[PDB]
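First comes one chain, alone, set out as structure tokens in the form deposited in one PDB entry.
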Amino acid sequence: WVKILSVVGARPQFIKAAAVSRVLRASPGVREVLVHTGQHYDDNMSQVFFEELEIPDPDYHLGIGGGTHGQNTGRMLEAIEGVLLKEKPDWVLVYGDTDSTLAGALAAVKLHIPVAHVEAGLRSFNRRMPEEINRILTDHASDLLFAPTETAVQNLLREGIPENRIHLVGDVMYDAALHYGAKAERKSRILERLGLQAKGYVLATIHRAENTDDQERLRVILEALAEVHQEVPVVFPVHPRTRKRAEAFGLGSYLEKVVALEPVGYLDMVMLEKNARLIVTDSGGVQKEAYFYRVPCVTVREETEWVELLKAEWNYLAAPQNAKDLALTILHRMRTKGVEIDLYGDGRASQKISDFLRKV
């Protein structure tokens, strides 16, 4: 048998790990160990993902979070190593691009434990972004690089990573949407709770530091969504950090002018995404999900790593410079669509991953 240990720190990593774990559980000589590093350690940011997505309780919860980059990363590196020394996994899988991701990779490679990066080779080319540093360092530390796009493959080849370590497997978050979609239909009643008609609202999520730590950007965003809301209802599950910033800068009243919610579980999120007329976000996962449901998307950033979405016209960049401009862009984009194209694979990225963790 082979032991495959997964390190997960945050909501989007739990969702990626859910897809992979589902395939590895069904595999003959594979034992899974799951380490939760403690970054997201809430109900609506963590536990709801474990229950709804049928993820077995983590074997370890490290309880680390809320410090500086150096504190969080340093403590995680030591604590993850401690677990690796006990468990002696044959593979460590790390996901996405947070400090957890880097800490796991760095803990493993120094113990000569093979590392594979799920969602490898994404680049913003903005080296000041902490996650840009994280994915670069993770990718160079890894033994296997599971890229979701051709752009990701090209990015890894450009940095001298050898072709035989890189596999274009598609996106496990597509696997997740495809596999949990029926379940979301059979359990979520969020549209009824909120009194929404299918295709009678816009859905917004905003959590990037660039957008929430800069008062003028966050004011543009919140004023824009209030304007949009007068035309078409805006539903907004608000990230807790985003809520705290809006309150801190005196912008809380804008949340009261839309249908602002606390963060929702994945099943409700699927139902909201599926039924939205348009999605406005700065989330990586959410902009891909918009495309999964063929809902037009606006990404409130100067760039995205998911460039194929822009090229296929499913997604559109709108930097938050002016509230009225952003509102008008949102309104205009909601009656657009992109081209016919199949991105991110067949929904079996996870069994491709599993197969490679046998063969290599």
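In this text, residue numbers run from 1 along the sequence as written.
| task | Take the C-alpha B-factors listed in the entry for 346-354 and for 9-17, compute each mean, and give the stretch with the larger one. | result | Result of the comparison: 346-354.
| Averaging C-alpha B-factors over each stretch, which comes out higher, 137-145 or 261-269? | The recorded data point to 261-269.
| query | Of the choices 75, 288, 239, 187, which one's C-alpha carries the largest B-factor in the record? | reply | So the option with the highest C-alpha B-factor is 187.
| message | According to the Cα B-factor stored in this entry, which of the following is highest: 61, 294, 324, 69? | response | Of the candidates given, the C-alpha B-factor peaks at 61.
| Sorting the chain's CA B-factors, does residue 104 end up in the lowest, middle or highest third? | Within its chain, residue 104 is a lowest-third residue by C-alpha B-factor, going by the deposited values.
| request: Going by the recorded CA B-factors, say which third of the chain residue 331 sits in, lowest, middle or highest. | output: For residue 331, whose C-alpha B-factor we compare with every modelled residue in the chain, the answer is the middle third.
| said: Quick check on the deposited entry: does the C-alpha B-factor of residue 35 sit in the lowest, middle or highest third of its chain? | reply: Ranked within chain, residue 35 CA B lands in the middle tercile.
| task | Rank-wise, by C-alpha B-factor, drop residue 305 into the lowest, middle or highest third of its chain. | result | Lowest third, going by the recorded CA B-factors of the chain.
| task | Give the position of residue 180 by CA B-factor within its chain, expressed as the lowest, middle or highest third. | result | It belongs to the highest third of the chain when residues are ordered by C-alpha B-factor.
Below: the form deposited with a small molecule bound, not depicted.
| request: Within 4.5 Å of the small molecule in the bound PDB entry, counting heavy atoms only, one of 65-73, 321-329, 307-315, 27-35 shows up; tell me which. | output: This holds for exactly one stretch, 65-73.
| Using a 4.5 Å cut on heavy atoms, which of 240, 162, 250, 200 is close to the small molecule in the bound PDB entry? | It is 240 that has a heavy atom within 4.5 Å of the partner.
| Of the options 244, 86, 189, 158, which one has a non-hydrogen atom that comes within 4.5 Å of the small molecule in the bound PDB entry? | Contact with the small molecule in the bound PDB entry is made by 244 alone.
| query | Does any heavy atom of residue 51 come within 4.5 Å of a heavy atom of the small molecule in the bound PDB entry? | reply | Flag for residue 51 set to no.
| request: State yes or no: in the bound PDB entry, is some non-hydrogen atom of residue 45 no more than 4.5 angstroms from a non-hydrogen atom of the small molecule? | output: Flag for residue 45 set to yes.
| Partner contact for residue 333 in the bound PDB entry: the small molecule, 4.5 angstroms, heavy atom | Residue-level check for residue 333: no, no contact with the small molecule.
| task | Determine whether any heavy atom of residue 60 comes within 4.5 Å of a heavy atom of the small molecule in the bound PDB entry, and answer yes or no. | result | No.
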